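Just entry.csv here, CSV, C-alpha atoms:
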```
chain,number,residue,atom,x,y,z
Q,1,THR,CA,70.9,53.6,62.4
Q,2,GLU,CA,72.9,52.0,65.1
Q,3,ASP,CA,75.6,54.6,65.0
Q,4,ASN,CA,73.0,57.4,65.1
Q,5,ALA,CA,71.2,55.8,68.0
Q,6,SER,CA,74.5,55.3,69.9
Q,7,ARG,CA,75.8,58.8,69.3
Q,8,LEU,CA,72.4,60.4,70.3
Q,9,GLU,CA,72.2,58.2,73.4
Q,10,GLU,CA,75.6,59.5,74.3
Q,11,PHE,CA,74.4,63.1,73.7
Q,12,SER,CA,71.4,62.4,75.9
Q,13,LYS,CA,73.5,62.0,79.0
Q,14,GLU,CA,75.2,65.3,78.3
Q,15,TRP,CA,71.9,67.1,77.8
Q,16,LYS,CA,70.5,65.5,80.9
Q,17,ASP,CA,73.5,66.9,82.8
Q,18,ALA,CA,72.8,70.3,81.2
Q,19,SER,CA,69.2,70.1,82.3
Q,20,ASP,CA,70.3,69.3,85.8
Q,21,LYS,CA,72.6,72.3,85.8
Q,22,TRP,CA,69.7,74.4,84.7
Q,23,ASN,CA,67.6,73.1,87.6
Q,24,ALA,CA,70.2,74.2,90.1
G,1,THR,CA,66.9,56.4,59.5
G,2,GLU,CA,68.8,58.8,57.3
G,3,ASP,CA,66.2,61.6,57.8
G,4,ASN,CA,66.5,61.1,61.6
G,5,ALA,CA,70.3,61.1,61.5
G,6,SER,CA,70.3,64.3,59.4
G,7,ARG,CA,67.8,66.2,61.5
G,8,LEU,CA,69.5,65.2,64.7
G,9,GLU,CA,73.0,66.1,63.4
G,10,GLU,CA,71.4,69.5,62.5
G,11,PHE,CA,70.1,69.8,66.0
G,12,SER,CA,73.6,68.9,67.3
G,13,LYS,CA,75.1,72.1,66.1
G,14,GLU,CA,72.3,74.1,67.7
G,15,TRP,CA,72.8,72.3,71.0
G,16,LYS,CA,76.6,72.7,70.8
G,17,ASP,CA,76.0,76.5,70.4
G,18,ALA,CA,73.7,76.2,73.4
G,19,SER,CA,76.5,74.5,75.4
G,20,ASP,CA,78.9,77.3,74.3
G,21,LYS,CA,76.4,79.8,75.7
G,22,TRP,CA,76.3,77.6,78.8
G,23,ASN,CA,80.1,78.1,79.2
G,24,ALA,CA,80.0,81.8,78.8
```
Write the structure described by the file as structure tokens, please.
Amino acid sequence: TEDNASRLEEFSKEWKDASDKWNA
Amino acid sequence: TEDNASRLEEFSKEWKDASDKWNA
């Protein structure tokens, strides 16, 4: 559970960056 | 926890393909 949470929180920043790229 | 990890690892491949489309 902790590994899954950590890896997906890491992916969350990347996908937030992708969303920011989409906004521009 | 295992169901969540499995489903999000499945989503990870789809979002990696989405990032590949982002690059192209």
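Closest to chain Q among G:24, G:16, G:5, G:10 is G:5, based on all atoms listed in the file.
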Please superimpose chain G on chain Q using every C-alpha atom, paired by order, in a least-squares fit, and write the moved chain as a PDB file with C-alpha atoms, in the frame of the given file.
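After the write, result_7.pdb holds the following:
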```
ATOM      1  CA  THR G   1      70.889  53.703  62.284  1.00  0.00           C
ATOM      2  CA  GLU G   2      72.760  52.061  65.115  1.00  0.00           C
ATOM      3  CA  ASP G   3      75.628  54.630  64.949  1.00  0.00           C
ATOM      4  CA  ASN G   4      73.018  57.447  65.133  1.00  0.00           C
ATOM      5  CA  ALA G   5      71.178  55.822  68.036  1.00  0.00           C
ATOM      6  CA  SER G   6      74.470  55.348  69.930  1.00  0.00           C
ATOM      7  CA  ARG G   7      75.797  58.842  69.381  1.00  0.00           C
ATOM      8  CA  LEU G   8      72.494  60.400  70.274  1.00  0.00           C
ATOM      9  CA  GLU G   9      72.071  58.261  73.435  1.00  0.00           C
ATOM     10  CA  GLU G  10      75.621  59.505  74.318  1.00  0.00           C
ATOM     11  CA  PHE G  11      74.507  63.038  73.766  1.00  0.00           C
ATOM     12  CA  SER G  12      71.437  62.336  75.965  1.00  0.00           C
ATOM     13  CA  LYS G  13      73.476  61.996  79.072  1.00  0.00           C
ATOM     14  CA  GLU G  14      75.299  65.239  78.321  1.00  0.00           C
ATOM     15  CA  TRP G  15      72.010  67.051  77.791  1.00  0.00           C
ATOM     16  CA  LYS G  16      70.490  65.501  80.943  1.00  0.00           C
ATOM     17  CA  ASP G  17      73.525  66.909  82.883  1.00  0.00           C
ATOM     18  CA  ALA G  18      72.793  70.199  81.146  1.00  0.00           C
ATOM     19  CA  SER G  19      69.152  70.045  82.347  1.00  0.00           C
ATOM     20  CA  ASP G  20      70.422  69.265  85.896  1.00  0.00           C
ATOM     21  CA  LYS G  21      72.537  72.417  85.680  1.00  0.00           C
ATOM     22  CA  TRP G  22      69.395  74.150  84.420  1.00  0.00           C
ATOM     23  CA  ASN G  23      67.605  73.135  87.678  1.00  0.00           C
ATOM     24  CA  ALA G  24      70.325  74.301  89.938  1.00  0.00           C
TER      25      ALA G  24
END
```
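You will find CA of residue 23 (chain G) at 17.4 Å from CA of residue 13 (chain Q).
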Could you give me, as CSV, a per-residue list for chain G showing, wherever an atom lies at most 8 Å from an atom of chain Q, the closest pair of atoms and their distance in Å to one decimal, using all atoms listed in the file and sorting by chain then residue number from low to high?
```
residue,atom,partner,partner_atom,distance
G:1,CA,Q:1,CA,5.7
G:2,CA,Q:1,CA,7.6
G:5,CA,Q:4,CA,5.8
G:8,CA,Q:8,CA,7.9
```
